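[1] quick one: experimental structure and sequence below.
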Amino acid sequence: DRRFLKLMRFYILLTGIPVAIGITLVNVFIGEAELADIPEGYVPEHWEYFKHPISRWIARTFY
Amino acid sequence: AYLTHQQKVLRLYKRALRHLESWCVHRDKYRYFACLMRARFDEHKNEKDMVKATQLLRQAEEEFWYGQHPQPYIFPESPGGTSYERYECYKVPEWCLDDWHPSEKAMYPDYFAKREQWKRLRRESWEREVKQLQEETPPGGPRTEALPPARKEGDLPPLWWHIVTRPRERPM
Amino acid sequence: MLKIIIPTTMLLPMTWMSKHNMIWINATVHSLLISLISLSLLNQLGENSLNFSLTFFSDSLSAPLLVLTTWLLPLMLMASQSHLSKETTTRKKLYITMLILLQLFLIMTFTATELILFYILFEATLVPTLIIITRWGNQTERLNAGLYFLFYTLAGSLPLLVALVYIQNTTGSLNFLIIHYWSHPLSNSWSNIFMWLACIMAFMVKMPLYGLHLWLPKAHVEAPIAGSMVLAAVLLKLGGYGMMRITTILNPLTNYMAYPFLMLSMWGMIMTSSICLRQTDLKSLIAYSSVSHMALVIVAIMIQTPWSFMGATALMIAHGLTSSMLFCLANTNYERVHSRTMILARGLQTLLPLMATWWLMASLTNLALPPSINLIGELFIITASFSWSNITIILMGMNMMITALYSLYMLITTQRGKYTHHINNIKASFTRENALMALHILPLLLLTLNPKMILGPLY
Amino acid sequence: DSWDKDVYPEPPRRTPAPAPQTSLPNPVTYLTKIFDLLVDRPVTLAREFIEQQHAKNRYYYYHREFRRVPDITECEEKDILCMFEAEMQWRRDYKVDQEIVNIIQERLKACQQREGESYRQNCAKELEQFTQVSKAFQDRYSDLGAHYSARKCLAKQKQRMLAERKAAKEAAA
Amino acid sequence: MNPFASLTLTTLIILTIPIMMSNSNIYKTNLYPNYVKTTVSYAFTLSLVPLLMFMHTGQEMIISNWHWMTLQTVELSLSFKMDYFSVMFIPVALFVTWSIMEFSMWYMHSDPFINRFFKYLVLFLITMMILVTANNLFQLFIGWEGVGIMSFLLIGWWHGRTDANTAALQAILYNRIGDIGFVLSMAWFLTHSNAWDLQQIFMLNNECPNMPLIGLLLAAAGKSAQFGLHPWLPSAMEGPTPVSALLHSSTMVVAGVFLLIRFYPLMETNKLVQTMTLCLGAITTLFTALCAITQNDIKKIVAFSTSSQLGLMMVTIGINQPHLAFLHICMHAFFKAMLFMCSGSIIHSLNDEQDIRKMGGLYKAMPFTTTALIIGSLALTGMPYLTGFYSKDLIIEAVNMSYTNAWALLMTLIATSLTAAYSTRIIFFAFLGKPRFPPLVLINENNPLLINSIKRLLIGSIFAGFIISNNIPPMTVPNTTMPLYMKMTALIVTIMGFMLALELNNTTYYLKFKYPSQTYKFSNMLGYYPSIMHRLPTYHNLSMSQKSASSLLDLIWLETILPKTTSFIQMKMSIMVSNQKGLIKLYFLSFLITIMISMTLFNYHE
Amino acid sequence: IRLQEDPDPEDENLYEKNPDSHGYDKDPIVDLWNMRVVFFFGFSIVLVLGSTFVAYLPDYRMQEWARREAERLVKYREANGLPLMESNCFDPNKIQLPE
Amino acid sequence: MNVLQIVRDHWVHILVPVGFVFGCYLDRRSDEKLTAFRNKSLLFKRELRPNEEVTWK
Amino acid sequence: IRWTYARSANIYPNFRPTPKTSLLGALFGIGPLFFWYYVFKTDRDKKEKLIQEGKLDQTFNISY
Amino acid sequence: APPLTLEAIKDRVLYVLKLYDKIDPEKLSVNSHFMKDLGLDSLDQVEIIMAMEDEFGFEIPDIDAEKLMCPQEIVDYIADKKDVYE
Ligand SMILES: CCCCCCCCCCCCCCCCCC(=O)O[C@@H](COC(=O)CCCCCCCCCCCCCCC)COP(=O)(O)OC[C@H](O)CO
């Protein structure tokens, strides 16, 4: 049981901590987008209609 | 087996006094009432009519079953008491300790070595102690649950392992 | 769409052509990988369902169940590689073949855009499960058990076949979108009730409601571990998916004809949960608990209320994950004791301390303890039912009161109490069983943060 | 401020000036003081650092706008091509109206703590506004069924002036 | 936007840290209990600052943090509402449990799973200040079962004790009967008032909450262990002493009462509902006290003395006195929590014996424990100018000074006299007498952990109500012109009850034998409730489940009507079809019939 | 002897052959490797990033777009004084109700 | 490094991954037949940009 | 194992349809079901009656 | 609680029989069988074991209470019931 419990704290944290900094790092590097009005003569990109950068990137790369 | 009359009276005497203790509470009352309770017991000791003695113990416990304290006094360790199998959740069977990982077993070398002696002893003793059983078993199966001791020298009494290696009553 | 299907079926050649001993490994690898890809499908738009082609589409209801089925797929492989180790490689490969073939059908039916297409693999899931229950089942009465499970669903499914083709000849196509947009008020003509009965009874049977439920205790108990989970965590739920889809053209006939089922379900849950209070078999007790939770969804779906659908989808998933876990609990205990009687192995917590915990959140989750997804399901359903009628809360709340007693009843009888003296084969729990158990509980609490993912299209 | 004051009318706060007379020191002033130079300023120092970094590389995003499209009352019978646009438009307006009730509900709940013991009479305007919204919301979407569609909403509505005009005829007598 | 709102919430995030640290398992496996005790101490120290900010200004917060999820017109959000009923409760509640923690290490100094025990207490704690601090009904429902399930594990701390599991099963059962009323209120409020946040419910002025309030009342009765749903609390003494000292004394058992205080504004609009609130409180006061003065276990005495208090608390909320009832929560938190580890001190020191008939002469043996108990008992009786006086003496005067049910008012007076009655019984049997314990004496209280913990609440209980009453704004209506005859009733009845109870108690010293009175046979047996209601309804429902239900329907009828009947009919008509003779004479005869009937009889030709 | 059969095999303990046994399969090296797969391809890549993926999923159900429209719509409506949301949905002016 | 055998025993691991990249192909092929109303619905139909010729692929 | 068998399987083979078994099955079967039907039917037959003539209040009831 | 060891038991044991006025101190032996030589009536034997019961604080079952017969045997049954080995 002790070894098994140690395995989560290893393997979950194996990706947990790099994600933990990554989520914060994008929040200390480029920040959050602001609600700007639609500029004239330029339809936005499909992924552009999102404020959080990760959500925009997920929309950009996947959907 | 046979719950003969004298044990029933001793059952009556022991349990009634405990109930009487739960009533008087104060020691002087308990001591005082016990003696008169004792006095009214031994005074009728001459009855060649055992049936009459039984008749005297018809109303006896019926009065007790009326006179019984609804909350008798029990030491907590006994059944019904507050500390009944309170420390059971801690005691664990010894055989589970064989499962222990070798690193865990290495943490207690000499005691585990002592376990090996017990494991060794119980091995050959089993055949010896079981052999004593059939050679002296009464016909038609065991008549009484009491278990005969080790008749000869050296051999351990039969079925000794679980009683001897029973976990201690205060395990922590 | 395709990005899930071909990976699932192309997984089949891998298991067949893999090395002799690597079958469990590579199958587990990509089953989890398929789960990740399925999670990418979990996204949904506002109101229009995620439509892919004439053959496949997904909505906010199908997606949570899809990711659940793919998520399940590693778990049977994890749960089964203990009682199948001493088997010929071909039979192990065949066993794995059955699961992914079964799982492949589940992706197909949930994403099906046409009711008949939904219908064709609606019973096609039976064939792999019938093999799993019969061949690899570890009991004697599994043979009669498979017959009961097979015939009950067919007895209900075939009327749907006649009903479904009748829709095609009367209202053109049976595309789920085309039915919803061209819905017409079903009349009260005495034929329309038999119309209504046929379109409903098929989903009734494989969603055990009181009376039509005796297959489930025989289905679950004699089935092997992998068969029990798939049957209780997804299979009881094809009926659920059908009702949310097929009740589009059953109104307002559903308003009046709902009464016999609602009374049967609401009273049945009290009866069935009462059976749980006095079940001698641990697996049977979990099985009967599934009837009670499922019967709650029967009232949920058949009320036809926005809130009722939402709580249905909440209990839709939460019960499935929980029931699979409890079956894992019983299975992880069974082989150690080689018996199913609950009182056989008491006081397991003193011997296995971690399983005491795993059994503990498992019982709490089935308790609908807030904020677990089960509570969101039951509590949402109670409010929807209470709006429908004030009396039902007497029945509703009573179920929770009964659900409390039997849930901790298995906890006290098995985990707590005095360990059994005679047994001495209880070994320390393999970390596979431990890992699998967290594989179940951890996403459940992870789901608590985001109910909106599994609330459904009504959300 | 990020949000709009018109959407969220905030009556001006009446904060009394601190005029104590007892000579013994008022403690809560001190706990606020130490908090200011132990928590508030370090938080602000980090905040001004993060906010200036955010303005260093600023990326924008806008709000999607759906133009008006013919709805279900002018869509031809059957003709699911026009029904699709009609249904989606109606469901979008369903989302807006659900949020409209949400906005009103927050304003009603905002009064409760804001008005304190004066809640009962001070914001009766907030009460009637929610009453007007909730009643009108009932006439729009309530009892539409879990399979609600723009067809049913029109159907339920078409009953409303059916009864109303029938009542008007009776009222005219 | 002062630190008030910011740091009232961190107090919650302070004491959840020990839970996270434990899950790491790197946490100190030896000095863990000290870690949590100090953590709760800091959580307490932080908690005063919102308090001190309150009586000065009087601002109560509603913070709506991260939005969980929105349901069309519903916006269920994790929101904490720092009312006076809250902003006061966290300071006292942590103050009590911090002292309990200090007592806990001394008392449970040998339990091998002590780190688990302290983890459970914190987990119980977190479930508590999310219950009291609950701006929405849903997260109020979060605590209402979070504490209940936490009690089940804590009550069954000694898993092997078969009775402990039964008591643990008993606690969750009676709680769930009350929980039935809770969701009924939740369903009504969402259906009618279209919300669960307490703000919308108040503003939507549901001045006819007949079913809701009944649901709330039923919820309180289960949690606060009222008549019909009491016996779980007296039976909940099978757990360890600190467990009963914290949960089932003044922190979790009072939660049911706290529910009505939260929903007081809606209750006062109705008139019918508050009747059975004070009606249930009246019967609960008498019956629990009536069984109290005949029990023989200190835990049984104290627990019943609690339930009589919660009987008293609901009496005040009956006649529009919510905050005085909340005031009684404050005082009951101090002295009632005391009596337990004060009793726990004698229990552990005198070799874990809980039968009140084995002590005596402990006055000189444990002077501090004896000193602690007499202050606690006097506080419970309501001695003027100390703790209980600021609430109970006001309450007894309050309910008397109002238009109430005459029968209800009478029981409160009898209960108060009975409240002193069992107080004498404890002081008489346990302390004022002669030794009765086993010969080997091990009486000891010199451990600083026990001394510091008890003394910490002692200075708390001595003044107590003076500070709170003088600090809180004057926010209930004070009645002024009492006819002196009934204003003394707050003291007359207890002093009266002191007299005969002492006379009855030392009548045991009198040599005359005590004949078993039938009333004693009734009062001592928990008032006959457990003997019947825990044996008749349980047997019937269980017998129904097996004899009928499962066996009768599931395994006999439901398997015979649909499945077996069709199977029998198929088999009965499979055999006779297949049972043919093999002789063509009969087969061709059958064909001749078929040709004859088909051609003519069924009009197939025409 | 009824039939020439075999006695019921005894459940082997994976631990007594190799104490570090993880219960995934008999052979130690694959058993250790099965640990890596079930955890790395279990908790690690699915639970961690999958949660972040679904947590940071773009606007689902337009939960915030409707809010912004509602704020603008409600700001428009009470400015002119007309009721902030009409009791009717499909404008009755067009409706051509029968009789 | 034994590659003649690591390929034989671990060539199965590439099957599903190419299946996924295959699955996207039919996904990104079947949609072409479903063009029909491309930039035709008046909700989304708009002026076509100077360089790109297809709004949604 | 005898107890489990007698309580799980050895019921129907030993079951015999008799008036005691028959009546108890009907009493505990259709009985409660039809009873609840009547209770729910009349309650719903009063509820829709009130709203149909406008004799019930759902002014703030929207999330049904 | 300090470990109660068999030397302390017999010291406390013979303390009580010597206390019992029916058994005056002079002829107490560790194995002095009660009615065989001390003449203590068996009806009082079911009475001296409750004195032992309060002396050490626990209940003696009747199955062996009638068998608890000699002061050494009194000590012997005490030791194993509380795993007293030292
Ligand atoms: C184990 C038994 C079955 C279990 C329970 C299943 C559900 C119960 C009801 C089963 C109904 C099956 C047949 C329904 C097929 C589709 C019905 C449909 O679409 O509705 C038609 C309903 O019409 C019917 O007649 C349908 C069949 C009615 C029921 C009679 C036959 C079915 C029951 C007996 C056979 C099955 C039972 C088992 C026998 C061993 C509409 O046609 P109409 O009559 O309106 O046509 C226009 C005009 O009026 C003339 O046609």
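    Happy to help now that I have it. Numbers count the residues shown, from 1 in each chain, chains lettered A, B, ... in the order given.

[2] could I get the full set of strands for chain D?
    Under the criterion DSSP state E, strands of chain D are mapped to D:60-61.

[3] any idea which helix is longest in it?
    Ranked by residue count, the top helix of chain D under DSSP state H comes out as helix D:80-115.

[4] quick one: that one near chain H?
    Yes - shown here: helix D:80-115 in contact with chain H (Cβ under 8 Å from any Cβ of the partner chain) through residue D:101. Backbone N, C-alpha and C define where each C-beta goes, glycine included.

[5] identify each buried residue in that helix, please.
    Under the neighbour-count criterion of 16 or more other Cβ atoms under 10 Å in any protein chain shown, helix D:80-115 has D:80, D:82-115 buried.

[6] residue in chain E with the shortest distance to chain F?
    residue E:70 (6.6 Å; Cβ to the nearest Cβ).

[7] count of residues packed around that residue?
    20 (other Cβ atoms under 10 Å in any protein chain shown).

[8] how about residue C:211?
    With other Cβ under 10 Å as criterion, residue C:211 counts 19.

[9] gap between it and chain F?
    38 Å (Cβ to the nearest Cβ, to the nearest Å).

[10] need the contact list for the nearest residue to that residue once chain neighbours are set aside.
    Once flanking residues are discounted, residue C:211 sits nearest to residue E:558: 5.8 Å by Cβ to Cβ, 6 or more residues apart in numbering or on different chains. Residues near residue E:558 by Cβ atoms under 8 Å, 6 or more residues apart in numbering or on different chains: C:211, C:213-214.

[11] want to throw those into JSON lines with secondary structure and distance to the ligand?
    As requested, these are arranged in JSON lines below (DSSP: H, G, I helix; E, B strand; the rest coil; distance: Cβ to the nearest ligand atom, whole Å):
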{"residue": "C:211", "secondary structure": "coil", "distance to the ligand": "11"}
{"residue": "C:213", "secondary structure": "coil", "distance to the ligand": "14"}
{"residue": "C:214", "secondary structure": "coil", "distance to the ligand": "14"}
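
[12] need phi/psi at residue A:35.
    Backbone torsions of residue A:35, given as degrees, to the nearest 10, read phi -70, psi 80.

[13] run through the residues that contact it.
    Contacts of residue A:35 by Cβ under 8 Å, 6+ apart are A:51, D:61-63, F:68.

[14] would you list the residues you listed in CSV and tack on neighbour count?
    As requested, these are arranged in CSV below (neighbours: other Cβ atoms under 10 Å in any protein chain shown):
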residue, neighbour count
A:51, 17
D:61, 21
D:62, 17
D:63, 16
F:68, 16
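
[15] so which of those residues is the closest to chain E?
    Closest approach to chain E among the contacts of residue A:35 (Cβ to the nearest Cβ): residue F:68, at 14.0 Å.

[16] what angle separates the helix or strand harbouring that closest one from helix D:80-115?
    Assigned by DSSP states H and E, residue F:68 falls within helix F:65-80. Here helix F:65-80 runs at an angle of 70 degrees relative to helix D:80-115 (axes from the mean of the first three to the mean of the last three Cα atoms, to 10 degrees).

[17] secondary structure of the residue nearest to residue C:211: a helix, I assume?
    Yes - when DSSP: H, G, I helix; E, B strand; the rest coil is applied, residue E:558 is found to be in a helix.

[18] state the distance from it to the ligand.
    The gap separating residue E:558 from the ligand is 15 Å, by Cβ to the nearest ligand atom, to the nearest Å.

[19] cool, and residue I:68?
    In terms of Cβ to the nearest ligand atom, residue I:68 sits 73 Å off from the ligand.

[20] my read: that residue touches residue I:51, true?
    No - contact criterion Cβ atoms under 8 Å: residue I:68 and residue I:51 do not qualify, at 11.5 Å.

[21] more neighbours: the two, which one.
    Neighbours per residue, other Cβ under 10 Å: of residue I:68 and residue I:51, the larger number sits with residue I:68, 21 against 12.

[22] on the three-state scheme, the more buried one is what?
    coil.

[23] in contact with the residue of chain F found nearest chain H, which residues?
    Nearest to chain H in chain F, going by Cβ to the nearest Cβ, is residue F:85, at a distance of 11.9 Å. Neighbouring residues of residue F:85 by Cβ under 8 Å, 6+ apart: D:97, D:100, D:133, D:136-137, F:74, F:77.

[24] please indicate which of those residues are buried?
    Buried, going by 16+ other Cβ under 10 Å: D:97, D:100, D:133, D:136-137, F:74, out of these.

[25] give me the most central residue, chain E.
    Closest to where the C-alpha atoms of chain E average out (Cα atoms, centre = their mean) is residue E:253, at 2.9 Å.

[26] got it, and chain F?
    By Cα atoms, centre = their mean, the most central residue of chain F is residue F:54, 7.5 Å off.

[27] so the residue of chain D most remote from its centre versus chain A, what's the distance?
    What lies farthest from the middle of chain D is residue D:23; by Cα atoms, centre = their mean that is 47.8 Å. For residue D:23, the distance to chain A (Cβ to the nearest Cβ) stands at 49 Å.

[28] residues touching the closest residue to chain A within chain I, list them.
    The minimum distance from chain I to chain A, using Cβ to the nearest Cβ, falls at residue I:83 (28.8 Å). By Cβ under 8 Å, 6+ apart, the contact set of residue I:83 is B:168-170.

[29] recalculate using a threshold of 6 Å.
    Going by Cβ atoms under 6 Å, 6 or more residues apart in numbering or on different chains, residue I:83 touches B:168-169.

[30] tell me which element it is part of?
    Residue-wise, residue I:83 maps onto no helix or strand under DSSP H and E.

[31] what comes up buried for the longest helix seen in chain A?
    Scanning chain A for the longest helix, with DSSP H as the assignment, gives helix A:2-29. Neighbour-count burial for helix A:2-29 flags A:4-5, A:7-8, A:11-12, A:14-16, A:26-27 (criterion: 16+ other Cβ under 10 Å).

[32] quick one: residue C:46 and chain F, what's the gap?
    Taking Cβ to the nearest Cβ, one finds residue C:46 at 4 Å from chain F.

[33] count of residues packed around that residue?
    So residue C:46, with other Cβ under 10 Å, has 17 neighbours.

[34] before we move on, what about the one 3 residues further on?
    Number of residues near residue C:49 (other Cβ under 10 Å) recorded here: 19.
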